[PDB]
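Q: need the 3D shape of this:
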Amino acid sequence: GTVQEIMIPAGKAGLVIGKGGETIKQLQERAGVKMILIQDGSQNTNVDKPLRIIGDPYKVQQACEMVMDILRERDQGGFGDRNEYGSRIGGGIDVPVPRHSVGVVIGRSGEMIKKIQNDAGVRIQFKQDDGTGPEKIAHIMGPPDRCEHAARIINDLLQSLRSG
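A: Residues are numbered from 1 along each chain as shown. There you are, the coordinates:
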């Protein structure tokens with residue numbers, strides 16, 4: 001398959017690997033590609049690590065883009081994977097929403113989720129969710145600022161549902 005390599009310097013470990021694998025999870029799930037990078041402590045433990053993104057061409061394309069961004073390290077957080085698309089919908093943020101909340105986000109016919117698109121000026125894409133079970137990625141398509149603006153509404157809904 002298509003494999004492009006990016007180099008992860010020490011100090012970006014919490015970004016790309018997630019200090020163990022936290023990020024690589026989402027790089028596999030959220031991006032939908034298998035990223036195999038030397039996390040072997042016998043060779044490249046402290047030294048820079050080559051990220052081998054394995055996947056379909058357009059996937060590695062979008063992933064290579066995000067890898068270069070979250071690895072920049074603005075706050076040694078790197079978002080976590082990327083939180084936006086990852087091969088799927090290049091344009092807008094990706095949104096893992098809890099299974100007890102996703103149906104409420106929609107509504108009955110979509111009263112709620114249609115007003116999200118009305119309020120923030122966004123589009124929704126239910127993409128192949130990160131295969132874990134609990135959360136389901138509802139992608140928010142649109143301009144970056146409005147993307148996050150939409151996730152702040154959804155996240156508040158989650159907290160509303162947390163308030164019995």
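Q: what residue spans form the domains of this structure?
A: 1-80, 81-164 (curated CATH domains).
Q: now render these as a markdown table, adding mean neighbour count.
A: All C-beta atoms are positioned from the backbone trio N, CA, C, and that covers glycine. As requested, those are exported to a markdown table (neighbours: other C-beta atoms under 10 Å):
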| stretch | mean neighbour count |
| --- | --- |
| domain 1-80 | 17 |
| domain 81-164 | 17 |
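Q: quick one: the helices in the chain?
A: 13-16, 18-29, 57-70, 102-106, 111-119, 144-162 (DSSP state H).
Q: ok, and the closest non-adjacent residue to residue 114?
A: Leaving aside its sequence neighbours, residue 114 sits nearest to residue 107 (C-beta to C-beta, 6 or more residues apart in numbering; 8.0 Å).
Q: next: residue 128.
A: Nearest one to residue 128, counting by C-beta to C-beta, 6+ apart, is residue 32 at 6.6 Å.
Q: contacts only, for that neighbour.
A: 55, 59, 86-88, 128 (C-beta atoms under 8 Å, 6 or more residues apart in numbering).
Q: hmm, what's the outermost residue in the chain?
A: Distance to the chain centre peaks in the chain at residue 42, reaching 29.7 Å (criterion: C-alpha atoms, centre = their mean).
Q: look up phi and psi at that one.
A: Phi and psi for residue 42, reported as degrees, to the nearest 10, are phi -90, psi -30.
Q: for residue 103, give its distance to residue 157.
A: 11 Å (C-beta to C-beta, to the nearest Å).
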